[PDB]
Every structure is written in structure tokens, then in C-alpha cells.
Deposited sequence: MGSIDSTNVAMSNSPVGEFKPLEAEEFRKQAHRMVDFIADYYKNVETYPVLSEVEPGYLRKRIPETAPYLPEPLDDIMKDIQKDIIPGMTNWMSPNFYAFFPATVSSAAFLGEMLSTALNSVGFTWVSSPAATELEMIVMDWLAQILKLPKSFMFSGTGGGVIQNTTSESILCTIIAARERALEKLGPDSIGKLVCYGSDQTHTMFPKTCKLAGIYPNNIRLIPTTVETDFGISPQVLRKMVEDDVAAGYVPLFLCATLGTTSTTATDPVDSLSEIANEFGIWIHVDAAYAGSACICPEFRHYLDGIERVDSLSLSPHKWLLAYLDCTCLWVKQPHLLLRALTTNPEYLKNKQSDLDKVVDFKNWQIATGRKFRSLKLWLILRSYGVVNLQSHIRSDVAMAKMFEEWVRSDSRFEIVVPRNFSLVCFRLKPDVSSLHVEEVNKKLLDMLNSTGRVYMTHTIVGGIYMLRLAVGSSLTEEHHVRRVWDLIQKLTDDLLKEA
């Protein structure tokens, strides 16, 4: 019994490549969101694994018949929910090869090219973002490719916690206060809690439509000063560049000043919008980055990398390294993350950069921003709709105005979202901000072209005519 034989591998893999290309060619045809009910797959797969081998033909048949029809097609050109997970063939080749090599790069020794290429690729990316040398290995800082935003933030939070605890002792853990926008409320508190921050020391900064739901420096300063007056230790601040709901932007320039002033570790989460900062017209959003303690952004969101791919830059690596242990030209990346093992994470990023070039990456950002701009202009031309909050990037938040119906505005927009999604011809999610229910169009799915967005607007108007 040979699980890996090169020629059998070659045959089966070519067949899978063709199946995948056929899927990319057909997905526009499938309903974006699936109609299966919960538990449907339990009635279609046996309850125990087979003693005996099954032929690959049977498996592929079952995938087409029971798995894919049960999928939400994130790759559909008509997927506009959450944030697109953007892709590219260069990145897929990087994934294929990095997996096939299947190395574990916990140390430079356990695979030198992997570690060195990660350092190089992180410095490349730093230079495209025009970050100070204080974030670069060639300079005084560094970076690491993590899997997620959640674990990157957990790492920076633990670094800050450990600096505090070594200064003041472990029993000071009950004094440490962490701050995040009320717009990061489904992930930032979870991360703090994982780290042992007391429940009442996780503080959500209230925000209003008056700041476009970005953190108001005044508000955070008042909170920090009340906490210091009460004897607490302000420790960590998550500034979000592009919230998941409306892509609000916290002001890095002023918030980093408050952080520096109070010894607060400031981390900028730009999982989605950070990628736009490769374009000079978006780079002002990172003004003040030189004062910032850490920054992260997710290529597997808006930069053509598949899941997983999150970049984390740190200005003072030694604090992170100290935090993550119980005791030159190269690093051992096990020290920059939670676990020991690691894939060859940097290969696909290298392949993306080399294959496409900064020019095309900028073109790609700008093309998505242009299609969202166009869609917003369409929305403004229809007096029944309104843009609820400013479009800063690729996401348009919009809704039916209260005066189009005598029923509750929320119920009317919920019904419209339902009609749209039940069509199968589009997937969009909603959000609630400042008590206002709104629809979102998150433009960016790699296969989306301009006519897809045109057709979505046409569908929205058709269903709204039917609805009113």
C-alpha cells in the first residue's frame, strides 16, 4: 500500500486541476447561497468510515452531488457578502507547491529558504506600504506571516501584557485595561479574554455617526484618564482601519499619539483595508504609523492570497519574542507565533508579488474601488435609496429610505435582502450600526466584473419595484 506514488499522484492531480477549472468556469451558474437545511449531509454520508477503499470516481461524484450544492460559493462573481476572499492563479500555484513540499519551518535550520524568504517578503511588503525602517528586518523591526487577524492580535496583546507583568508582577493582571472600538465587538473582546484580561477591563469605546463610527480621540483620552485616575493600567488599544460592518477608520495619527503618551501599545488592524494602502491615494490612512506598535493586514482578504494569509509587523520584536517564550541574520519563526509548526507561508506571497507586480496590484485595488464608486453613484440616482455612511473603500452601505413605506424601515430592508438572497443570483449580508439597519455590497470577489455589478443593481431595482 503506497499512499504517495509520483505517477498516480500526477494523474489524480491533473484530474483535480481540471475539476477546479471547471468549477471556476461554472460557479457563476450556481446559486451563491445554498438552500440546504441543517443536517442535510448527515442523511447522505454513511455514519462510519469505510473499512475498504473507495474509488475516486465515487468520491468526485459525491462531491458534485452533496458537497458543492451544499456550499456557499465565495468565488462566485455574484458574491458580495462580508468581505471577498480574493484569489489569483499565482497564489494557487504557491499553495500547491508549498503544500507539496510540506516542510515545517519552525527554525531556520528546519528549512532555510522558507525562513529567509519570509523575511524578504515581509520587507518587500513593508516597502510597498512605505512603512518606516523600524518595521523591517533590514532595519530595526520585523514581521511574521500568521494565519489570522485574531491570533496576530492575541500575540500583540500578550506581548503588551507580558511587558506590563514583568514591570509590575503577575498580580498586576487585574489592573490592565484594553480598549477597542465598539465596532470591533465580535472579536476584540474574545481575544482579550483568551489572554486573561479581566472581563470588566475590556473597554469598548462608544462611537457615533458624527465620527463615521470611528474612534473619537477625545473619548478615548477621557476613558484612559479616568482609568489612570482610578489606578488601572492602560495596556493595549486596537485601532481598526476598516471595520467589518461599515469600514469605519479609526484615526491612526491621533490615536497613536494618545497611545504613546500613556504607554499604551497600539495595534492597527487593517485586515481588509490595509491592502488599499499600497496605493498612494490611500496611504494617508497610515499617517502616524511610525508611532504605532504593531500593524496587521490580511492578504487573503483583499490581496489575491488564498486563506490563510495574515501579515503582522512589529516595531519592537524583542517584546513579542520575550512574551512568547519561557526562557544575527536569521530568525526561528516558532518564536513569533503561538505554535511550533508552520507551512512555507511566504512562497505564495512571493509568487503574487513577482507574477503581477506592484502596478497590477494597485490596478486591482483601484478596479474594485472604481466598481464600488460606480455602484454608489447608481444608488444616489434612485431617490428611494440612501447611502447610510461614507464609502471609503470597496464596501457600499445602503438602504431603502424610511419614507418609501409606512412599515418599519428595518423590516422593509430585511425583506429586500431576503428577496435578493432567495433569488440565488446574489449573496449580500446586512449590518446594524447606530441603530440603523443597512444592506452592504462588498465588491471585490476575484471573478466579479463590471457587468456583474450592473446586473446586481438591476436586480435590486427590480425587486424593489416588486416590493413597493
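Stretches of the deposited sequence left without coordinates are 1-18, 346-356, 498-500, in sequence order.
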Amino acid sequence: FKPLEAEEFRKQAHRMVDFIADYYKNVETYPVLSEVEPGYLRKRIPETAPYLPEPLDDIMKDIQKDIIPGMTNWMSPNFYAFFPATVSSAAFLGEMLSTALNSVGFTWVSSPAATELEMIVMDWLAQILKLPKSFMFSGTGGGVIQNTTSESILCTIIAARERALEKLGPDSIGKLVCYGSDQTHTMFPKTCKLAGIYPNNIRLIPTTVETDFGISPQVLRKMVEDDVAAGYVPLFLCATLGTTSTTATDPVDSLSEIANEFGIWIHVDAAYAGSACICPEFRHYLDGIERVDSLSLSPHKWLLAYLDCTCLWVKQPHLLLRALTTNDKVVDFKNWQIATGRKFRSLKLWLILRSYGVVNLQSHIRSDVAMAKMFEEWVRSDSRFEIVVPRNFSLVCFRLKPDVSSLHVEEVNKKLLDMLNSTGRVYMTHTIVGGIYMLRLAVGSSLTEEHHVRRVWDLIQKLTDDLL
From here on, numbers count along this sequence of modelled residues.
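Remark: stretch with higher mean C-alpha B factor among 255-263 and 301-309 is 255-263.
Between 264-272 and 224-232, it is 224-232 that carries the larger average Cα temperature factor according to the deposited entry. Among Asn73, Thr140, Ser296, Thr244, the highest C-alpha B-factor recorded in the PDB entry belongs to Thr140. When the C-alpha B-factors of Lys334, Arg366, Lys348, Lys343 are read from the PDB record, the largest value belongs to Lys334. Looking at the C-alpha B-factors along this chain, the one for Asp171 belongs to the highest third.
Among the modelled residues of the chain, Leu33 sits in the middle third by CA temperature factor in this PDB entry. Split the chain's modelled residues into thirds by C-alpha temperature factor. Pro132 is in the lowest one. Ranked within its chain, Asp66 lands in the lowest third, by CA B factor from the PDB record. Per-chain ranking of the deposited C-alpha B factor places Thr429 in the lowest third.
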